[PDB]
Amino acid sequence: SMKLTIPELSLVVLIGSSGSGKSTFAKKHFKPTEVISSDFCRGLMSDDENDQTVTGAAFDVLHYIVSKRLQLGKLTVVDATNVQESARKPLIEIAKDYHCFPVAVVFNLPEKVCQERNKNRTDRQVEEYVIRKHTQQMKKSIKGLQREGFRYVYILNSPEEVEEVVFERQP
C-alpha cells in the first residue's frame, strides 16, 4: 500500500482533472460529511445540474463551509479540480488561518485515462478540451505545490498507485 500520512486536523485538497477520479477517491477514503465538493455547492445555488451560471457563488459557499468546518476543528476534504493556483491559494490561506495543515493529493494520471473514463460517466460529462486543459494545468502545478504552502504533497502517478492508497491519520 501507498501510505499517505495526514494529521487528524487537516485540509485535504484533491487536485485533478475532471474524470481523474477525485470524488470516487473521496467516497472510498473519507466520511461523507468530511468531503465538500464544488458540485454540491453549485447544487445549493441551483436545482439545475452542474449549472455554470452560479460558479462564483458555488466556490464562495465552498470556501465558507470549509472555513467553518476548520473553525470547529474538523478534518475537511476539498473535492474540486484545484488545478489552478487561484483555486488552491484561498484554501491554503483558510488552512493557515485555522492552524491546519493543508495537504495536496495529486491525481497525476495520463490525460487519456481521464478522457476515457469521461466518455463512460453516467452523471455528467465534459468536452475533451476541458480534460486536456485540466491535465496541462495539473502537470504545471506539481513542482510548486510545496512552495505554495502544502505541508505534505502526495503525487499519485498511476491508477494502481491511486488504488493502493491508504491514509494514516496522526493525532
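Residue indices: 1-based, along the sequence shown. Only the largest set of C-alpha atoms that superpose within 1.5 Å between the two forms is called the rigid core.
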Between 139-147 and 47-55, the one whose CA atoms sit farther away in 4 other deposited structures of this protein (rigid core aligned)
47-55
Comparing 54-62 with 39-47, the higher average Cα temperature factor in the PDB entry belongs to 39-47
Looking at the deposited entry, does 89-97 or 70-78 carry the larger mean Cα B-factor?
70-78
From the list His134, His29, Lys119, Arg124, select the residue with the highest C-alpha B factor recorded in the entry.
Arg124
Which third, lowest, middle or highest, does the CA B-factor of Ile142 fall in along this chain?
middle
Lowest, middle or highest third - CA B-factor, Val12
lowest
State the tercile, meaning the lowest, middle or highest third, of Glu161 with respect to the CA B-factors recorded for its chain.
middle
